[PDB]
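> An experimental structure, sequence included, is below.
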Number of protein chains: 2
Amino acid sequence: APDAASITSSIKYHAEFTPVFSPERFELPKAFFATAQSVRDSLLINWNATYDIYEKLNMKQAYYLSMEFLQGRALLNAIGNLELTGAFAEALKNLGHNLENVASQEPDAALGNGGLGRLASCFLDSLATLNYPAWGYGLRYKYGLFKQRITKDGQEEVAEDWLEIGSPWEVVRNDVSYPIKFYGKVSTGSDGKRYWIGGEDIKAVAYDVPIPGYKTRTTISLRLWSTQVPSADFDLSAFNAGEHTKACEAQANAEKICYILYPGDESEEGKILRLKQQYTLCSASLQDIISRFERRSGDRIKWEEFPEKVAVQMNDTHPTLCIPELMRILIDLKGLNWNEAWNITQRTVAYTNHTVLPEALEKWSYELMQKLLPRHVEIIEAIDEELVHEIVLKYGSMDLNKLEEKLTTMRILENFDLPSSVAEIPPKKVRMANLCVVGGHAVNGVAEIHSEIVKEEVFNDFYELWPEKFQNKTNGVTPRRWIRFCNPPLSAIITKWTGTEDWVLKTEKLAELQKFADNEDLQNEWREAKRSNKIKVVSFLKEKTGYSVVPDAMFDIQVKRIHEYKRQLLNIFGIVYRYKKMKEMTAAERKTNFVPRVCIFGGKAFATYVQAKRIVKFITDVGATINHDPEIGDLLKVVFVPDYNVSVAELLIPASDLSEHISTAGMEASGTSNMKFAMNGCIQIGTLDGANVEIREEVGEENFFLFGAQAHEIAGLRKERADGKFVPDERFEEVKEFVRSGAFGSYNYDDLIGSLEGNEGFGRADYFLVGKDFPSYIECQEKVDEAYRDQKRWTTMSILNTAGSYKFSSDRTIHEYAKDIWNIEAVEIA
Amino acid sequence: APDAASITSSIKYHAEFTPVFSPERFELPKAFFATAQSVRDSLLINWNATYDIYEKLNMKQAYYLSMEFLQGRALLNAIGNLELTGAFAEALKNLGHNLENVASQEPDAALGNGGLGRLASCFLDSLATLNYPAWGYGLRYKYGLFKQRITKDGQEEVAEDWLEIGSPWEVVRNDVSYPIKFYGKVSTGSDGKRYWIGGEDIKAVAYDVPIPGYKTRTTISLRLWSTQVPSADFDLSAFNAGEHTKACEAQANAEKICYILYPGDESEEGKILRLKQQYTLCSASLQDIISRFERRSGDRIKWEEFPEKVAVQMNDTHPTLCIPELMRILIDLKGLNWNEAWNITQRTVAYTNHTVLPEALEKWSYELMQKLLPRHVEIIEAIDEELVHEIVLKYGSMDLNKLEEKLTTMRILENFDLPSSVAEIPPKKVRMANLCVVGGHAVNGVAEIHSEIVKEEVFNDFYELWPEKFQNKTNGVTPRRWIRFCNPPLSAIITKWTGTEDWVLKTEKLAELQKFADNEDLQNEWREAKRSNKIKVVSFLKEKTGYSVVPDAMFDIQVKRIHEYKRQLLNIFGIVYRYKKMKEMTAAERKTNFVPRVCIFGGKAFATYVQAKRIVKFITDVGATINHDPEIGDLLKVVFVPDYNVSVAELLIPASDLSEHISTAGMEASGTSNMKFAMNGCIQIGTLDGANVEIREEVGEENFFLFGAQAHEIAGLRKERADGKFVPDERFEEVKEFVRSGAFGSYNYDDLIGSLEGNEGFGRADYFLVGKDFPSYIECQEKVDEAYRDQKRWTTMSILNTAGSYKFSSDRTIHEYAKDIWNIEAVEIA
Ligand SMILES: OC[C@H]1O[C@H](O)[C@H](O)[C@@H](O)[C@@H]1O
Ligand SMILES: OC[C@H]1O[C@H](O)[C@H](O)[C@@H](O)[C@@H]1O
């Protein structure tokens, strides 16, 4: 275990000897690079320790596969979990730098996008920390999604450049690479097994990222696959010929798999690439797992032991191919027969949902998947047939309607025939979500109410057939990154009033703040802390949004994928209402009615999704005018933070007073931002749905602001729109007209209101009930103004959010996965 | 300065902490990787030392630009020059490995091809060793030329894979990258200077490879440029659209510059790429140099000082663009006017000619170059005009014919007009060799007789105008790589019979072997050593050529570009003659007359060059039959070594008895293989030309086997063929018929002999006088048989070759460059 003295040397060493810059000066990016290399060294000691202990013990290991990991930045949580925070700070002093400066150089790992990505990253922290043998498998996306620029003209995209110099935290494993095949033909050989020959051949090379646990040695792995083709494949004859672009083809169409995350699938080309990406992950991962299982088994190898040595968690329907791919490996390659392979598959694999609505579930073209993964469609089919037979045996051909209905609901293959049937152009499709719910031994939703839908609607029939499979694993977020490290002031207070530093682990200790929520001394330190955080954010918003703002206003934050269902538009409209009102009142009354706010927006809109980009533009103009109005001044600001990601969240969240989770009700499965917020003492306005429902229950009904129509009514209210019974509120009408008047200027918005107006239509009719929720919304916002004025009350609510957030530690989530699905036990590393 | 104890730790560290493999086992490639990382560390100490001393002193630095660097393997010369050879050996013991094993894992740096490449690498060794402030600039070719496979069907190409895992010896410098532009337009701005806007934009990122000097700290650099485009440029809109291959375009056509060396220029596309490669090097290099000059200058900066602080050596006509490119930087960017810029340019830049014949000299399409490099053709033109004016001022308008002739010979622009002229469709071309001979202050050839041609033929008229410019710098090769490290047995003997280990530096000490060339004791140790070396080669030829051979035969080596001018088939034909003869005589008589031989062939043929590939096939079949003939057995073997490169040379050369340098006379400028051979105690058969002429003079006329028509006669003898006077030797006729008979079997040869036969024609007529030299050749080969039998005589000759090779140390060459062209002095590093 080192100290500042030793680390100063560790960094000097790496700067000189593991260099990526010239020796001219020790600038900031040099300093970061060398610092991170130092940290790795430490991480690799513990990584190899964990590897050894895991090898010897050959215990059950678990495997979280995710199309996205939103790792964020590594340094601060790294030296935090290694407890060397102090030492690195002091080390850098000696070398003419400081920690925060250096931490600033590090780009977020653009390995993910949203909550499903973050949930993965949050889970890893929990697993390492809790000493559970588990790894994460993902793709190594070179250019992420995009770097968001907020130009005068709204949002614009650029390729993320986080790998320009390369990531210091990663370890390439040139001996870990697997073969991945696409297209081709299948032929049965004289052993009676299938052989999948021909098509395309690419390699998947492993890059390990060490995840360290807090106050433990357990250092697990995020193994990231990266695709290429062996240099053999470079076509010399063609290159020398003159066909350079031709000569590249194999490498071009191999690397492209790992270029970007969620590549636009309007083209067939894009759908192909998407599928490539899913399979690559499922394949290269399972092959690595299987490899490791064998190694650890030795001479004495038994495939009955595989599910007792391995569990695979499919994060959504993207990893679905794990089911047929494992089948494929167990049968075609390892030799086992259908029953053995299938039994093992189910015992191993499990599905985590993440999606509410049935049309949000991933489906594929049968013809497409057939062309790309012949062998896999074969197996899929066999499973579907297996299934029709299950569905028929249980039930039987009573009430043909019952039977027939069930068949179409549950079948994996949409628009297909039955191998035999009784009873006395449609595009052929493959339902990945069905495959998952049959292939896995466990299906779970991500919050009470989410897991309820899946049970009683989305997979209703599968609940009937296999009730045992359905459970729930309410989401969480890591206390380390989201309290201890993102918000040190908060931490000092917590540690104090609890009496140990142990809440970081034993986070049920937050509840011990309840008896002190009224204590005025505690409220003082609380406000002082929040403020402190806010003062940091001021400087941030200055450099990033070029708008100067005041600490002493309320911080009202909404940060999520920009989307009509997320309804940032409802929020900005509530902003515009307050603005219209404030103009219609003199200076003095203006200051009396509305509490000062800084309204923070952020998050990305998919480049193709026009309305969403229109929303980004809207907000940016609202802010343009409002923030440059001598008449308003500092009573209202509206900023949009460019390129929202983990770094930003780590900064805004600690300093938030109010945060908005105002999705149309019944649509959000869970959400995880809202947990980070409640943890950081923030108060939540939102609809009743997803995690919001539990957070409210835990924090306190009166310490969480609620509004809007509830999930069950929505169809009622849309029906109301469809018939023409929704009478809009006059305040709603006001806002729209006020904008039309061109208050925000030369950009015309008729399109944007366009979406909301009319009773019928694809794009018309306000599917997401902005107009309908709007009244209770703004009135709720009045109750926040009101609450904020009563700072003794406000601050109590703040403290109660934190003291209620404990259940939302991902540590609780992982224990539950680990005990109830994976049956993995903790391995302690000496 | 470390020891085995410390290095064991250094390697353990790197294997674990700078890893590129998983922690599972310490295999060979792991062991090599970690070992090399260790060595780097040492190299970087001394690299940074050299950098500091150079910075402070800001003395004249020199710069060797080469389209190719044939670095080979680094490890053995690295730990050799650092004198840590012992320590690394012992270190590896402790870790369950041995040095040679580990050295075997390292691929040769595929950064070059031929002698001009090797000469560069050899020069670097000399410069570091002799403490001269100089660097090397080259491109970082990802896939080299090709990996040569010698299949049943002859030679076949594969892309070199030396960067699959990446090179441990390189240091990326992410802060060292320059902008390179192609195409575009030029417009004059309001400052009166030219502005080269638009076209293509790519980055050139530096990779440093440390060259350590023997028994010094001076550690210089081979800075290798590597091209790419900033991740910004990745077209998201297009990728998400579906046009993946489109989205890549910029990166594809940026990286392609550094894909392969000498990419086939049959296509226009290929010519474009070739030019791109030359410019990239000239530009990115000069920008780095200029940058460094400025840095070192500080506030007090004077461009008159530039040529007194810098010299640029253009290795052949590939770096020609350095002249206009420096002009461009000095004028358009830095602001200086024509005269200042030009004077500096000439003072800085110098040309080394590596080419005999005038049509072997590099020319370009005017239209091509003035689409890609507009600004550069402008400057070129200005220089040519400057030149016409020079040519006219010296030489009055007296002899019109004289004047007009001269104009067309010396002008840079072939098939152009004169800005005004007196006197009372041809494709427009640009002559890079002329540009070089005008732009530089120094032109030099690579051997006496080569430099004589350039003076008195190729640049005859330029000799008249600027005699001072012409000198000679006879080639050399490094004693370190080519005696001390490739051949340790030889070294032990040398060190012994000389007083000291100092010959490695003070290599004139080899001459001390002359007294003692007769000494029988020395001859014993000599033969013992040679043999030892040969025993290594036996095992090598076994694994790579799959032919078992005996040490006790004579080793007859020919290894060079496979080419009709290099002959090769004269030798293989001389091989076939001996074979035909041996069959026509009984076992017993056969074993007199012919001494046992192993005839080694090797080297690559360009994939397009059909005849050359036909030659590779020929040899491989000759060997096929001969080596599988119970009747011959071990009196004759013929092998072709696949993938001849530095590693191989290092192995064959020490173990050679005879080596062949039998190019058609007057064609070889120099050659460098023949110097490494004479150094290693080998005896040379060859034609009178290139370095052969000096080697013979130095080693001793009677210790070098000579034959063939001499350089002056060739045109005589070709004229003789053209008229039909040649009259072939009956022995020549024999061989051809014997092969025709299909002795070597099912592959039909005709068309191979096809080249040699006939008196007129493109492919006919034996341009290279195989048939004509053949008689003296084979008869000379008889004199080798004869000499080899007299082992006292033979071995004396062997020893005299070594004792004569001293003048051929590249150390002598570099001193000469350094004193006579560069005016650089040695800087000692404390
Ligand atoms: O469960 C992880 C996340 O996945 C989805 O994208 C949902 O929108 C959200 O409800 C949830 O937080
Ligand atoms: O000098 C460098 C080398 O360049 C060329 O490859 C010539 O063939 C050779 O004569 C010379 O040794």
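Perfect, thanks for sending it. Numbering: from 1, shown residues only, chains lettered A, B, ... in the order given. Ligands and ions are numbered 1, 2, ... in the order given.

> so what secondary structure elements neighbour the host helix or strand of residue A:577?
The secondary structure element spanning residue A:577 is helix A:568-583 (assigned by DSSP states H and E). If you count contacts as 3 or more Cβ pairs under 8 Å, 6 or more residues apart in numbering or on different chains; DSSP states H and E, helix A:568-583 packs onto helix A:587-593, strand A:597-602, helix A:610-626, strand A:636-641, helix A:730-740, helix A:770-789. (C-beta placed from N, C-alpha, C; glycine too.)

> Select, out of these, the one closest to residue B:412.
Between residue B:412 and these, the tightest spacing by Cβ to Cβ is seen for helix A:610-626, at 55.3 Å.

> Pick the most deeply packed of the helices and strands packed on helix A:568-583.
The highest average neighbour count among these, using mean count of other Cβ atoms under 10 Å in any protein chain shown, belongs to strand A:597-602 at a mean of 26.

> What parts of chain A come near ligand 1?
A:114-116, A:119, A:354, A:446, A:475, A:668-672, A:690 (Cβ under 6 Å from any ligand atom).

> if we go to 8 Å?
A:114-116, A:118-119, A:316, A:352, A:354-356, A:446-447, A:450, A:475, A:561, A:668-672, A:690-691 (Cβ under 8 Å from any ligand atom).

> So which of these are in helices?
Among the residues of chain A next to ligand 1, the members falling in helices (DSSP state H) are A:115, A:116, A:118, A:119, A:450, A:691.

> Where does chain A get nearest to ligand 2, residue-wise?
Nearest to ligand 2, among the residues of chain A, is residue A:240, at 19.9 Å (Cβ to the nearest ligand atom).

> In space, what's closest to that residue - neighbours in sequence excluded?
Using Cβ to Cβ, 6 or more residues apart in numbering or on different chains and skipping the chain neighbours, the partner closest in space to residue A:240 is residue B:264 (3.1 Å).

> So that neighbour versus residue B:334, what's the distance?
According to Cβ to Cβ, to the nearest Å, residue B:264 stands 38 Å off from residue B:334.

> Which one of these two is surrounded by more residues?
Comparing residue B:264 with residue B:334 by neighbour count (other Cβ atoms under 10 Å in any protein chain shown), the higher total belongs to residue B:264, at 21 against 16.

> distance of the closest residue in space to residue A:712 that isn't next to it in sequence from residue A:713?
In space, not counting the residues next to it along the chain, residue A:712 is nearest to residue A:666; the distance is 7.3 Å by Cβ to Cβ, 6+ apart. Remark: distance between residue A:666 and residue A:713 (Cβ to Cβ) = 9 Å.

> Settle it for me: which of these two has more neighbours?
Under the neighbour definition other Cβ under 10 Å, residue A:666 and residue A:713 were set side by side, and residue A:666 has more, 22 against 16.

> and the host helix or strand of residue A:386, what does it pack onto?
Assigned by DSSP H and E, residue A:386 belongs to helix A:374-393. Packed against helix A:374-393 by the contact rule (3+ Cβ pairs under 8 Å, 6+ apart) you find strand A:185-188, strand A:194-197, helix A:322-328, helix A:338-348, helix A:366-372, helix A:400-410, strand A:413-414, helix A:432-439.

> hmm, who's touching the third one?
By Cβ atoms under 8 Å, 6 or more residues apart in numbering or on different chains, the list of residues contacting helix A:322-328 from outside reads A:65, A:196, A:279, A:282-283, A:285-286, A:312, A:314, A:341-342, A:344-345, A:348-349, A:373, A:375-376, A:379-380, A:383, A:435-436, A:438-440.

> ok, now stretch A:574-585?
Taking Cβ under 8 Å, 6+ apart as the rule, stretch A:574-585 contacts A:590, A:593-594, A:599, A:622, A:626, A:631-632, A:635-636, A:638, A:731, A:734-735, A:738-739, A:774, A:777-778, A:781.

> Kindly recompute the last result at 6 Å.
Contacting residues not belonging to stretch A:574-585 are listed as A:590, A:594, A:599, A:626, A:638, A:735, A:738, A:777, A:778, A:781 [Cβ atoms under 6 Å, 6 or more residues apart in numbering or on different chains].

> Ok, stretch A:247-255 next?
So stretch A:247-255 is in contact with A:202, A:227, A:228, A:229, A:233, A:235, A:238, A:239, B:245, B:248, B:252, going by Cβ under 6 Å, 6+ apart.

> please redo it, this time with the cut-off set to 8 Å
Where contact means Cβ under 8 Å, 6+ apart, the residues beyond stretch A:247-255 that reach it are A:142, A:200, A:202-203, A:227-229, A:233-236, A:238-239, A:241, B:244-245, B:248, B:252, B:256.

> can you pull the alpha-carbon coordinates of stretch A:277-285 into CSV?
Only the C-alpha atoms of stretch A:277-285 are listed here, as CSV (Å, rounded to 0.1, in the frame of the first residue of the first chain):
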residue,chain,number,x,y,z
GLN,A,277,-23.1,-5.8,-33.1
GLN,A,278,-25.5,-7.8,-31.0
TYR,A,279,-24.2,-11.2,-32.2
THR,A,280,-20.5,-10.1,-31.9
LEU,A,281,-21.2,-9.4,-28.2
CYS,A,282,-23.2,-12.6,-27.6
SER,A,283,-20.7,-14.8,-29.4
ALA,A,284,-17.3,-13.4,-28.4
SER,A,285,-18.5,-13.1,-24.8
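
> Could you check which residue of the stretch 101-250 of chain A lies nearest ligand 1?
The minimum distance from the stretch 101-250 of chain A to ligand 1, using Cβ to the nearest ligand atom, falls at residue A:115 (3.4 Å).

> Most neighbours among the ones in helices among the residues of chain A next to ligand 1, which one is it?
Counting by other Cβ under 10 Å, top hit in those: residue A:691 with 31 neighbours.

> ok so, going back, among the contacts of stretch A:247-255, name the ones in helices.
Members of these lying in helices (criterion: DSSP H): A:236, A:238, A:239, A:241, B:244, B:245, B:248, B:252.

> residue contacts, the second one?
Counting by Cβ under 8 Å, 6+ apart, residue A:238 makes contact with A:246, A:247.

> about what we covered before: need the buried ones from the contacts of stretch A:247-255 selected in PyMOL.
With 16 or more other Cβ atoms under 10 Å in any protein chain shown as the criterion, this PyMOL line picks the buried residues out of those:
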select buried, (chain A and resi 142+202+203+227+228+229+233+234+235+236+238+239+241) or (chain B and resi 244+245+248+252+256)
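
> Torsion angles phi and psi at the residue of the stretch 651-800 of chain A found nearest ligand 1?
As assessed by Cβ to the nearest ligand atom, ligand 1 sits closest to residue A:669 within the stretch 651-800 of chain A, at 3.2 Å. Phi and psi for residue A:669, reported as degrees, to the nearest 10, are phi -70, psi -40.

> Excluding covalently adjacent residues, which one is nearest to it?
Per Cβ to Cβ, 6+ apart, closest to residue A:669 is residue A:450, 4.4 Å.

> Okay, the one you found and residue A:475: tell me how far apart.
Look at residue A:450 and residue A:475: by Cβ to Cβ, they are 9 Å apart.

> what is in contact with these two at once?
Joint contacts of residue A:450 and residue A:475 (Cβ under 8 Å, 6+ apart) are residue A:670.

> That concludes my questions; thank you for your assistance.
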